[PDB]
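This report concerns only the one structure given below.
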Amino acid sequence: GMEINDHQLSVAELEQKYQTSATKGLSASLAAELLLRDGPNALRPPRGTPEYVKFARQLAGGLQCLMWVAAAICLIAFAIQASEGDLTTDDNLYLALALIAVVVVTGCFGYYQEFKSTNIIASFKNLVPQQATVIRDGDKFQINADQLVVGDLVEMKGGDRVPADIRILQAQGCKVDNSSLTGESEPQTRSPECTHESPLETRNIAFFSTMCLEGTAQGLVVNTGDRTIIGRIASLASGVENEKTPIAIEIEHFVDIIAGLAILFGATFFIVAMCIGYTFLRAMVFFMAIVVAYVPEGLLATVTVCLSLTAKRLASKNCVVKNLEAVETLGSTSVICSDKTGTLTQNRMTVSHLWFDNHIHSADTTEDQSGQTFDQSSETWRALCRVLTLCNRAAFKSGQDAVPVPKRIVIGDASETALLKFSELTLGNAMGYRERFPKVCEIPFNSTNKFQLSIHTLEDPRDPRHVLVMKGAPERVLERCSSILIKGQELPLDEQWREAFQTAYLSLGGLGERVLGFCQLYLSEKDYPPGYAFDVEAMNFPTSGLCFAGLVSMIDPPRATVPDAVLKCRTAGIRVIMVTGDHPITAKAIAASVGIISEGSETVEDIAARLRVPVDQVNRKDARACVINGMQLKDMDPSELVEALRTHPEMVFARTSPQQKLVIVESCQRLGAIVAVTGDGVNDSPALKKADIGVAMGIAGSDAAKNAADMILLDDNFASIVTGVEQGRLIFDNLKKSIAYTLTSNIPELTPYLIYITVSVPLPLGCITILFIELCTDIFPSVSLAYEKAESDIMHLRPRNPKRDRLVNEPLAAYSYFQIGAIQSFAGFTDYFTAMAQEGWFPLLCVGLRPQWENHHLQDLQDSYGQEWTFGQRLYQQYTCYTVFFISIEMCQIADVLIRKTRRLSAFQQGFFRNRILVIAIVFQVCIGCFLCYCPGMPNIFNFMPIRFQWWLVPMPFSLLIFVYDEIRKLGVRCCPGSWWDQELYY
Amino acid sequence: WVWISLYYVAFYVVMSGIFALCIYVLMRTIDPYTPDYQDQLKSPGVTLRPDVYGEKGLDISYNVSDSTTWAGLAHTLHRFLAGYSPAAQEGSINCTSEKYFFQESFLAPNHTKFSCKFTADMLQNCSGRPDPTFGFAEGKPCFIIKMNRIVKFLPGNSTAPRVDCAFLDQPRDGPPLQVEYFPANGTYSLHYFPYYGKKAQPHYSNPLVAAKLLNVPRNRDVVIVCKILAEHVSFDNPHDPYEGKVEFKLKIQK
Ligand SMILES: Cc1nc2c3c(ccn2c1C)[C@@H](O)[C@H](O)[C@H](c1ccccc1)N3
Ligand SMILES: *[C@@H]1O[C@H](CO)[C@@H](O)[C@H](O)[C@H]1NC(C)=O
Ligand SMILES: *[C@@H]1O[C@H](CO)[C@@H](O)[C@H](O)[C@H]1NC(C)=O
Ligand SMILES: [Mg+2]
Ligand SMILES: [Rb+]
Ligand SMILES: [Rb+]
Ligand SMILES: [Rb+]
Ligand SMILES: [Rb+]
């Protein structure tokens, strides 16, 4: 926009430029034309988001890619088998079809979650159109903000949100709330003098979204809409493209192993196919069945429910997440960049400390009033509380008696609201209390006096004397004080106290707190009888020799849970940095307050002042902390930044632009960090997008920063973050527990094929039957592994190294595929030969027998028993071969699901029945297993039939062998974790 | 890096041996004469010779005037019947009991039992003599209809089981067909049942009958269903069409 040289112009120059009047405002006609020219004074949302392209994305990436390829291969195989002629190849279709179906349905489940969460977030939104008091043709009236046009004339006051970007023309004690654009937690003086050349730092521009605290100003609208400082800062954040989530990156690497193995097996057994005497055509269709057999059919569905479960558990703590992948990120996270104002602090002036009875008292600045409050038994307390309750012009909006006292809306301003919310908390019912003491004279914030003074008749009629109350800048109260309430008496304001007051004023100011002096004088009912007319102009009342009551100082206090939460994260090994736009003194204050900076750490500037040495000589390595302001951040190149970044562990950036915030996250990510940013304002939108997870404050958050966030704390409870880590850490461990289970069953599915390929035995396992394994029986058990409790103290571990610690590592698979898969293959093959040897066919006979077996012409083929059956009668046996191999898997899966409960612990310790949801799932597993076999009509529908009751028992020793063998593994890894066992045999 | 390699070997051979033990268990488990379960043998199937298959099942179509079309049909009938010759079937005994034949004990070299005998003789004209075209050159083909063997399966003391062949529809279209089977009335004698083993009766052969088709029109597609008739036979199973009945298409051209 044209913002660079708006404020530096003259008012004679501006009204030529925008063809307006600084007095009379924009003509009604032109202001209407302009709106057409420039469009509405609002911000265009990220359009171009059809409902049908939201779903298209849900079915891409990772397993999505693999499963589509795997599905496509099934169709090419059907073409090759329909070229040379293959019957009941219905299997090729059903497989390819079930692949695409899992992909689609997973995509829909994700769609509702992303849809459902966004409606939850939408309902915590305000839909009342902000208004603007405008002047057009010399008439002031109320209009909607969006209707303002560049050149308009506007006004605002206490409580008015700033309608546009306004060049200030004339301001009467106007201060305003830049906490969203800049970090600034102290209100900002607005005047028409040109404070600076950067529109960001000059004090004659009200910014587009900002909030007037007190006073009044007028000005010209200079940029409306997307052209504002708000406007161009979110154009920025659009231009920020966020990186792929950690959880997704794990799953993509995971696929490079499935794919990696697929092909090697394909190639070797395609080589074995050619070498053993097959046509290239059939060697290649086998090659294809091999790669496709490595793709897990259900892993995509089993994974995303696990995410949905924790996201549900997280939703329940007012931590609503937008996409399912972000549920894991916090557990992976190792750095947290954090905004100060609004996120860490409450952004609301609270009374922090008070000086009376020659002692400073610390108030309870928690919003839930969970902190420690101060000594209110003092006689001087009751009095200082009267002065600050009477001499307060502000008021609560009506009908908020339900809502908590800090969260109430209050008219007026914060110097005075903090005093009002304070009184309601400490005294209670302040505005009704001060109706007992009527008001006869008043002086608001004055020029010549520079103090606020009012006179009141007492409550009870037995006391006809009047009471004068004065508040104001602390020295300007003391100069008009000859007395001081101390410890039950009213002492003269001698040099002991004059020194003692100045030390306390400068003491509470050193914390950068807006502090005010308070005092009272009791007018005698002799000189001032009931009804004495007071004159403001002439000085008939006294404004001197008053009795000093005390000091009260207010500040921007941290949110209640915040100091606790930061510590709990650091013990999780998560580096906390603070990136804020506020000034350093405030920045270091809060960073001490909450935990970013620990008791005892000093910056290089601290050593230089304690040792009284120039900063250059100080060894930076000796500084556990450091502050860096933004105006000096740019001076260092990135090689300088990393130096300092890894020198001082308790880092704080102060006075930093949104882009700098982005730079920092980028510099951290560039050094291999899973970095999370935690934000409220529009100076975090860009920062929040680039972060691996962007956390928004549910209530205090600006729209952009919520819109650029992965996660949202609906109640602003920052303690949610610490749970987010714990859950994210949990499922990562529980996912690799649950993944490692589901992919063991691939090998005993493929071994039947490989053997049917190589040894040419009659087909032991059918496609229609692996689909029931992968997509019917083993899902409920798999997802139940998301219910396991932490085996170790997860919250005490360092954040997993993304380079070494991986969801699926080279010992994870090699254990699950080749070792337990082998015990399952031998379990399946042992029941395979038993099935046929007991049914007439001896094993030696089965070797090579397949061609005649599948042959549709041989209707009298002899067993090893001499007997001759037909095709269909053989088929029905092969269905049992399928069916007995199927239950041979299931009896190992029940042994398998329990095996995965703990990677490094034992079930005699933890409990076989530890969690309910796995056990209820195991019972489900067998139930369909018994329904699939002994339901009538099963053999024709699916290749399943009533097994004999003893073939159930055949694989049950192998299940025990699985039990024993891992139990001793995970009994030997934990109890002797020297080197060998943990390396090859830990997953 | 080598140390890991051995481990997979140790692991596999353990499982290998563990599996190598179960095979040895399973071979000693199972009987060598009587089927361990035989769960799909509630009713037997019926094969047909000559077995010449079309796109779906058995289709047999030849030209009488053209020796080539039907030569290969007898050139499978004759081949099949080489074991139905006395020269290679002398390793058993003649059974004229005309009733079921139960051997409780094994009496032949290497602890074996006695088998019945059946030679082309029984199929009078359809034996290769006097007609080596087995009816085909005449336009009256003979089809051999043999049932599969099931250890200790019994079709019934009542009478002999017997084949019956006919078409599917075409009642009014032409005459119902007449076949003369050999043996007459188309019956398998009772003394052949039951089967007892490939090791129990090595020199054993299935009894069969033949079907000399008389009625079949020339140059017309017909369909015939040779279905066995006994009590312990079910020729009505829709999942296995070749179960106690065999269908075949047959067109004889001139
Ligand atoms: C692991 C496994 N794979 C199959 C399989 C079939 C039967 C059993 N199978 C088993 C136990 C056939 O019906 C199919 O041709 C099918 C196939 C799939 C992709 C490419 C080529 C062929 N592959
Ligand atoms: C049968 O064969 C003879 C000689 O091969 C031929 O002349 C006659 O037309 C054939 N009949 C049919 C229907 O093809
Ligand atoms: C079979 O041959 C005999 C003599 O060899 C003859 O009497 C009889 O009619 C023939 N059967 C048929 C069906 O032609
Ligand atoms: Mg902020
Ligand atoms: Rb698979
Ligand atoms: Rb206190
Ligand atoms: Rb993000
Ligand atoms: Rb019957």
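Order determines the names: the first chain of the structure tokens is A, the second B, and so forth; residues in each chain are numbered 1 upward, and ligands are numbered 1 upward as they are shown.
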
Would you list the contacts of residue B:34 as a CSV table (one decimal) with N, CA and C atoms, in the first residue's frame, taking every protein, DNA or RNA residue within 9 Å and counting only C-alpha atoms, but skipping same-chain residues closer than 2 positions in sequence?
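See result12.csv below for the written result:
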chain,number,residue,atom,x,y,z
A,865,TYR,N,-3.6,-91.6,-0.5
A,865,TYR,CA,-4.4,-92.7,0.0
A,865,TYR,C,-5.1,-93.5,-1.2
B,31,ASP,N,-2.9,-93.0,9.6
B,31,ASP,CA,-3.1,-94.4,9.2
B,31,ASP,C,-2.6,-94.6,7.7
B,32,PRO,N,-2.2,-95.7,7.3
B,32,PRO,CA,-2.0,-96.0,5.9
B,32,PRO,C,-3.0,-96.7,5.1
B,36,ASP,N,-8.1,-90.6,7.1
B,36,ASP,CA,-8.0,-90.0,8.4
B,36,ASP,C,-9.4,-89.2,8.7
B,37,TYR,N,-9.8,-88.4,7.7
B,37,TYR,CA,-11.1,-87.8,7.9
B,37,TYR,C,-12.1,-87.9,6.7
B,151,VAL,N,-12.2,-95.0,0.0
B,151,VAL,CA,-11.9,-96.1,0.9
B,151,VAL,C,-13.1,-96.3,1.8
B,152,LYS,N,-13.6,-97.6,1.8
B,152,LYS,CA,-14.7,-98.0,2.7
B,152,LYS,C,-16.0,-97.2,2.4
B,196,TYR,N,-9.8,-99.8,-0.5
B,196,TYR,CA,-9.2,-99.9,0.8
B,196,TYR,C,-7.8,-99.3,0.9
B,197,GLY,N,-7.2,-99.0,-0.3
B,197,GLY,CA,-5.9,-98.3,-0.2
B,197,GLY,C,-5.2,-98.4,-1.5

Could you write out as a ChimeraX atom specification the residues of chain B within 7 Å of chain A, counting only C-alpha atoms? /B:15,19,26,30,35-38,40,45,47,148-151,197-198,240

Go ahead and write the residues just picked, C-alpha atoms, as an mmCIF file, in the first residue's frame.
data_model
loop_
_atom_site.group_PDB
_atom_site.id
_atom_site.type_symbol
_atom_site.label_atom_id
_atom_site.label_comp_id
_atom_site.auth_asym_id
_atom_site.auth_seq_id
_atom_site.Cartn_x
_atom_site.Cartn_y
_atom_site.Cartn_z
ATOM 1 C CA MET B 15 12.321 -73.361 13.656
ATOM 2 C CA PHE B 19 9.015 -78.003 11.920
ATOM 3 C CA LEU B 26 2.493 -86.177 11.441
ATOM 4 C CA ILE B 30 -1.703 -90.984 10.112
ATOM 5 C CA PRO B 35 -8.813 -92.129 5.457
ATOM 6 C CA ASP B 36 -8.049 -89.985 8.448
ATOM 7 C CA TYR B 37 -11.132 -87.761 7.890
ATOM 8 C CA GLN B 38 -12.429 -87.801 4.243
ATOM 9 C CA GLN B 40 -15.774 -84.174 1.081
ATOM 10 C CA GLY B 45 -18.055 -88.142 -8.912
ATOM 11 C CA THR B 47 -15.693 -89.449 -15.074
ATOM 12 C CA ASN B 148 -14.093 -92.477 -8.284
ATOM 13 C CA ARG B 149 -12.776 -94.669 -5.464
ATOM 14 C CA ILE B 150 -13.379 -93.844 -1.772
ATOM 15 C CA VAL B 151 -11.910 -96.081 0.923
ATOM 16 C CA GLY B 197 -5.891 -98.307 -0.216
ATOM 17 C CA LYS B 198 -3.343 -97.619 -2.907
ATOM 18 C CA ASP B 240 -20.135 -79.845 -8.098
#

Protein and nucleic residues near ligand 7, 12 Å, only C-alpha atoms and all ligand atoms, as a PyMOL selection string: chain A and resi 237-238+240-246+321-323+325-326+329+662+665+674-679+684-696+705-712

Write a file of the just-selected residues containing N, CA and C atoms, as a CSV table (one decimal), in the first residue's frame.
chain,number,residue,atom,x,y,z
A,237,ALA,N,2.0,-14.1,5.9
A,237,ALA,CA,1.8,-15.4,6.4
A,237,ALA,C,1.2,-16.4,5.3
A,238,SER,N,0.4,-15.9,4.4
A,238,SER,CA,0.0,-16.7,3.3
A,238,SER,C,1.2,-17.1,2.5
A,240,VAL,N,4.1,-17.8,3.5
A,240,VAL,CA,4.7,-18.8,4.3
A,240,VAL,C,4.1,-20.1,4.0
A,241,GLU,N,4.9,-21.1,3.5
A,241,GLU,CA,4.4,-22.4,3.2
A,241,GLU,C,4.9,-23.3,4.3
A,242,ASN,N,4.0,-24.1,5.0
A,242,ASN,CA,4.4,-24.8,6.1
A,242,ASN,C,5.0,-26.2,5.7
A,243,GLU,N,6.0,-26.6,6.5
A,243,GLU,CA,6.7,-27.9,6.2
A,243,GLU,C,5.8,-29.1,6.6
A,244,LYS,N,6.2,-30.2,6.0
A,244,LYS,CA,5.5,-31.4,6.3
A,244,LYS,C,5.7,-31.8,7.8
A,245,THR,N,4.6,-32.4,8.3
A,245,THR,CA,4.6,-32.7,9.7
A,245,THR,C,5.6,-33.8,10.1
A,246,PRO,N,6.1,-33.8,11.3
A,246,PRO,CA,7.0,-34.9,11.7
A,246,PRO,C,6.3,-36.3,11.5
A,321,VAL,N,-7.5,-29.7,17.7
A,321,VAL,CA,-6.5,-29.7,16.7
A,321,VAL,C,-7.2,-29.8,15.3
A,322,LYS,N,-6.5,-29.1,14.3
A,322,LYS,CA,-7.2,-28.9,13.0
A,322,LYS,C,-7.0,-30.2,12.1
A,323,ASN,N,-5.8,-30.7,12.0
A,323,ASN,CA,-5.5,-31.9,11.3
A,323,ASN,C,-5.0,-33.0,12.2
A,325,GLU,N,-2.7,-35.2,11.9
A,325,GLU,CA,-1.3,-35.5,12.1
A,325,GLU,C,-0.7,-34.7,13.2
A,326,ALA,N,-1.2,-33.5,13.5
A,326,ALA,CA,-0.6,-32.6,14.4
A,326,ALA,C,-0.7,-33.2,15.8
A,329,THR,N,2.8,-34.1,17.0
A,329,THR,CA,4.0,-33.2,16.9
A,329,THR,C,4.6,-32.9,18.2
A,662,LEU,N,9.8,-15.4,12.1
A,662,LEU,CA,9.9,-16.5,11.1
A,662,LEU,C,11.3,-16.9,10.9
A,665,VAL,N,12.5,-19.3,13.7
A,665,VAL,CA,12.0,-20.7,13.5
A,665,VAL,C,12.7,-21.4,12.4
A,674,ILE,N,12.4,-30.0,15.9
A,674,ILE,CA,11.0,-30.0,15.7
A,674,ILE,C,10.5,-28.9,16.6
A,675,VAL,N,10.3,-27.7,16.0
A,675,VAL,CA,10.0,-26.4,16.7
A,675,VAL,C,8.5,-26.1,16.6
A,676,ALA,N,8.0,-25.7,17.8
A,676,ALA,CA,6.6,-25.4,18.0
A,676,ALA,C,6.5,-23.9,18.4
A,677,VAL,N,5.5,-23.2,17.8
A,677,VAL,CA,5.4,-21.8,18.2
A,677,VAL,C,4.0,-21.6,18.8
A,678,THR,N,3.9,-20.6,19.7
A,678,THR,CA,2.8,-20.5,20.6
A,678,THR,C,2.4,-19.0,20.7
A,679,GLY,N,1.3,-18.7,20.2
A,679,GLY,CA,1.1,-17.4,19.7
A,679,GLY,C,-0.3,-16.9,19.8
A,684,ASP,N,2.4,-13.3,14.9
A,684,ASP,CA,2.7,-14.7,14.9
A,684,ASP,C,2.2,-15.6,13.8
A,685,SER,N,1.1,-15.1,13.1
A,685,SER,CA,0.6,-15.8,11.9
A,685,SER,C,1.8,-16.4,11.2
A,686,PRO,N,2.8,-15.6,10.7
A,686,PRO,CA,3.8,-16.2,9.8
A,686,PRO,C,4.7,-17.1,10.6
A,687,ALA,N,5.1,-16.7,11.8
A,687,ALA,CA,5.9,-17.6,12.6
A,687,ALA,C,5.2,-18.9,12.8
A,688,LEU,N,3.8,-18.9,13.0
A,688,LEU,CA,3.1,-20.1,13.4
A,688,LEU,C,3.0,-21.0,12.2
A,689,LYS,N,2.9,-20.5,11.0
A,689,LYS,CA,2.7,-21.4,9.8
A,689,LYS,C,4.0,-22.2,9.7
A,690,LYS,N,5.2,-21.6,9.7
A,690,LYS,CA,6.4,-22.3,9.4
A,690,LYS,C,6.7,-23.4,10.5
A,691,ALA,N,6.3,-23.1,11.7
A,691,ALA,CA,6.5,-24.1,12.8
A,691,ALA,C,5.9,-25.5,12.5
A,692,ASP,N,6.5,-26.5,13.0
A,692,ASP,CA,6.0,-27.8,12.8
A,692,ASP,C,4.6,-28.0,13.4
A,693,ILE,N,4.3,-27.2,14.4
A,693,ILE,CA,3.0,-27.1,14.9
A,693,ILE,C,2.8,-25.7,15.5
A,694,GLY,N,1.8,-25.0,15.0
A,694,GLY,CA,1.5,-23.7,15.4
A,694,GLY,C,0.3,-23.7,16.4
A,695,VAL,N,0.6,-23.2,17.6
A,695,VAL,CA,-0.4,-23.3,18.7
A,695,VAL,C,-1.0,-21.9,18.8
A,696,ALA,N,-2.3,-21.8,18.8
A,696,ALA,CA,-3.0,-20.5,19.0
A,696,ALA,C,-3.8,-20.5,20.3
A,705,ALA,N,-3.5,-15.6,13.4
A,705,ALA,CA,-2.7,-16.5,14.1
A,705,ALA,C,-3.4,-17.8,14.4
A,706,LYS,N,-4.8,-17.7,14.6
A,706,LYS,CA,-5.5,-19.0,14.7
A,706,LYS,C,-5.6,-19.7,13.4
A,707,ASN,N,-5.8,-18.9,12.3
A,707,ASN,CA,-5.9,-19.4,10.9
A,707,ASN,C,-4.6,-20.1,10.4
A,708,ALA,N,-3.5,-19.6,11.0
A,708,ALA,CA,-2.2,-20.1,10.6
A,708,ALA,C,-1.7,-21.1,11.7
A,709,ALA,N,-2.6,-21.7,12.5
A,709,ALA,CA,-2.2,-22.6,13.6
A,709,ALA,C,-2.6,-24.0,13.3
A,710,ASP,N,-1.8,-25.0,13.8
A,710,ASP,CA,-2.2,-26.3,13.7
A,710,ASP,C,-3.2,-26.7,14.8
A,711,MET,N,-3.1,-26.1,16.0
A,711,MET,CA,-3.7,-26.4,17.2
A,711,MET,C,-4.2,-25.1,17.9
A,712,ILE,N,-5.2,-25.3,18.7
A,712,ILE,CA,-5.9,-24.1,19.3
A,712,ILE,C,-6.4,-24.5,20.8

Please find the residues contacting ligand 6 at a distance of at most 10 Å between atoms, with only C-alpha atoms and all ligand atoms counted, and report them as an NGL selection string. :A and (352-353 or 360-365 or 371-375)

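For the choices A:177, A:810, A:297, A:622, the atom-to-atom distance to ligand 5 is smallest for A:297 when using only C-alpha atoms and all ligand atoms.
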
Quick one: everything within 9 Å of residue A:2, counting only C-alpha atoms, minus sequence neighbours fewer than 5 positions away in the same chain. Send it as a ChimeraX atom specification. /A:222-223,227

Can you write just those residues out, N, CA and C atoms, as an mmCIF file, in the first residue's frame?
data_model
loop_
_atom_site.group_PDB
_atom_site.id
_atom_site.type_symbol
_atom_site.label_atom_id
_atom_site.label_comp_id
_atom_site.auth_asym_id
_atom_site.auth_seq_id
_atom_site.Cartn_x
_atom_site.Cartn_y
_atom_site.Cartn_z
ATOM 1 N N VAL A 222 -5.802 6.147 6.024
ATOM 2 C CA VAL A 222 -4.751 6.142 5.020
ATOM 3 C C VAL A 222 -4.689 4.827 4.242
ATOM 4 N N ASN A 223 -4.739 3.690 4.913
ATOM 5 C CA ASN A 223 -4.899 2.453 4.159
ATOM 6 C C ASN A 223 -6.008 1.635 4.791
ATOM 7 N N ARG A 227 -4.332 -3.582 2.740
ATOM 8 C CA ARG A 227 -3.197 -2.694 2.557
ATOM 9 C C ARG A 227 -2.667 -2.135 3.881
#

Dump the neighbourhood of ligand 8 as a ChimeraX atom specification: all residues within 9 Å, distances computed on only C-alpha atoms and all ligand atoms. /B:228-236

Ligand 5 neighbours within 6 Å using only C-alpha atoms and all ligand atoms, as an NGL selection string: :A and (293-297 or 746)

Generate a file of the selected residues that holds C-alpha atoms, formatted as a short mmCIF file (atom, residue, chain, number, x, y, z; two decimals), in the first residue's frame.
data_model
loop_
_atom_site.label_atom_id
_atom_site.label_comp_id
_atom_site.auth_asym_id
_atom_site.auth_seq_id
_atom_site.Cartn_x
_atom_site.Cartn_y
_atom_site.Cartn_z
CA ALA A 293 1.85 -58.51 -0.78
CA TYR A 294 4.18 -56.21 1.18
CA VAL A 295 1.62 -53.40 1.20
CA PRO A 296 -0.48 -53.61 4.38
CA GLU A 297 -4.14 -53.28 3.62
CA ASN A 746 2.43 -59.91 6.08
#

Kindly work out which residues sit at most 7 Å from ligand 1, using only C-alpha atoms and all ligand atoms, and give the list as a list in words. residues 73, 74, 77, 89, 91, 92, 285, 286, 288, 289, 290, 292, 293, 749, 750, 752, 753, 765, 766, 767 and 770 of chain A

Taking N, CA, C and O atoms for each residue, export the selection above as a CSV table (one decimal), in the first residue's frame.
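Dumped to part-v6.csv:
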chain,number,residue,atom,x,y,z
A,73,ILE,N,-1.2,-51.9,-9.6
A,73,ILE,CA,-0.5,-53.1,-10.0
A,73,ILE,C,-1.5,-54.3,-10.1
A,73,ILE,O,-1.4,-55.1,-11.0
A,74,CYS,N,-2.4,-54.4,-9.1
A,74,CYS,CA,-3.4,-55.4,-9.1
A,74,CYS,C,-4.2,-55.4,-10.4
A,74,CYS,O,-4.6,-56.4,-10.9
A,77,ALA,N,-2.0,-56.6,-13.3
A,77,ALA,CA,-1.9,-58.0,-13.2
A,77,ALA,C,-3.2,-58.7,-13.7
A,77,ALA,O,-3.1,-59.8,-14.3
A,89,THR,N,-10.2,-64.9,-11.2
A,89,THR,CA,-9.2,-63.8,-11.0
A,89,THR,C,-9.9,-62.7,-10.3
A,89,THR,O,-9.3,-61.6,-10.2
A,91,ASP,N,-10.1,-62.5,-7.5
A,91,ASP,CA,-9.1,-62.2,-6.4
A,91,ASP,C,-8.4,-60.9,-6.8
A,91,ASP,O,-8.2,-60.0,-6.0
A,92,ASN,N,-7.8,-60.8,-8.0
A,92,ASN,CA,-7.2,-59.5,-8.4
A,92,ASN,C,-8.0,-58.3,-8.3
A,92,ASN,O,-7.6,-57.3,-7.8
A,285,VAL,N,4.0,-61.6,-13.3
A,285,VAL,CA,2.8,-61.5,-12.5
A,285,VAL,C,3.1,-62.0,-11.1
A,285,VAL,O,2.5,-61.5,-10.1
A,286,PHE,N,4.0,-62.9,-10.9
A,286,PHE,CA,4.4,-63.3,-9.6
A,286,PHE,C,5.1,-62.1,-8.9
A,286,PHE,O,4.8,-61.7,-7.8
A,288,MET,N,4.8,-59.2,-9.3
A,288,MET,CA,3.8,-58.2,-8.9
A,288,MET,C,3.1,-58.7,-7.7
A,288,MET,O,2.9,-57.8,-6.8
A,289,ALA,N,2.7,-59.9,-7.6
A,289,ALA,CA,2.0,-60.3,-6.4
A,289,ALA,C,2.9,-60.2,-5.2
A,289,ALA,O,2.4,-59.9,-4.1
A,290,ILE,N,4.2,-60.3,-5.4
A,290,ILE,CA,5.2,-60.2,-4.2
A,290,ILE,C,5.2,-58.8,-3.8
A,290,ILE,O,5.1,-58.5,-2.6
A,292,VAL,N,3.1,-56.4,-4.1
A,292,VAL,CA,1.8,-56.0,-3.6
A,292,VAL,C,1.5,-56.7,-2.3
A,292,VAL,O,0.8,-56.1,-1.4
A,293,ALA,N,2.1,-57.9,-2.0
A,293,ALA,CA,1.8,-58.5,-0.8
A,293,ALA,C,2.5,-57.8,0.4
A,293,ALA,O,2.1,-58.0,1.5
A,749,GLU,N,1.5,-64.4,5.3
A,749,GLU,CA,0.6,-64.3,4.1
A,749,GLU,C,1.4,-64.6,2.9
A,749,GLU,O,0.9,-65.2,1.9
A,750,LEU,N,2.7,-64.1,2.8
A,750,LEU,CA,3.4,-64.2,1.5
A,750,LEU,C,4.2,-65.6,1.4
A,750,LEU,O,4.2,-66.1,0.3
A,752,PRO,N,3.0,-68.5,2.1
A,752,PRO,CA,2.2,-69.4,1.4
A,752,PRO,C,2.3,-69.2,-0.1
A,752,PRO,O,2.4,-70.2,-0.9
A,753,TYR,N,2.3,-67.9,-0.6
A,753,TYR,CA,2.4,-67.7,-2.0
A,753,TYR,C,3.8,-68.1,-2.5
A,753,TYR,O,3.9,-68.9,-3.4
A,765,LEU,N,-3.2,-70.3,0.9
A,765,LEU,CA,-3.9,-69.1,1.4
A,765,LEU,C,-4.4,-68.2,0.3
A,765,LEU,O,-3.7,-67.9,-0.6
A,766,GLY,N,-5.7,-67.8,0.4
A,766,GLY,CA,-6.3,-67.1,-0.7
A,766,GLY,C,-6.3,-65.6,-0.4
A,766,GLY,O,-6.2,-65.1,0.7
A,767,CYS,N,-6.5,-64.8,-1.5
A,767,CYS,CA,-6.6,-63.4,-1.3
A,767,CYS,C,-7.8,-63.0,-0.5
A,767,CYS,O,-7.7,-62.2,0.4
A,770,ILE,N,-6.8,-63.2,3.0
A,770,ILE,CA,-5.9,-62.3,3.7
A,770,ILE,C,-6.7,-61.0,3.9
A,770,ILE,O,-6.4,-60.3,4.9

When distances are computed from only C-alpha atoms, which of B:201, B:119, B:159, B:215 shows the smallest separation from residue B:175?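 Of B:201, B:119, B:159, B:215, the one nearest residue B:175 is B:215, counting only C-alpha atoms.
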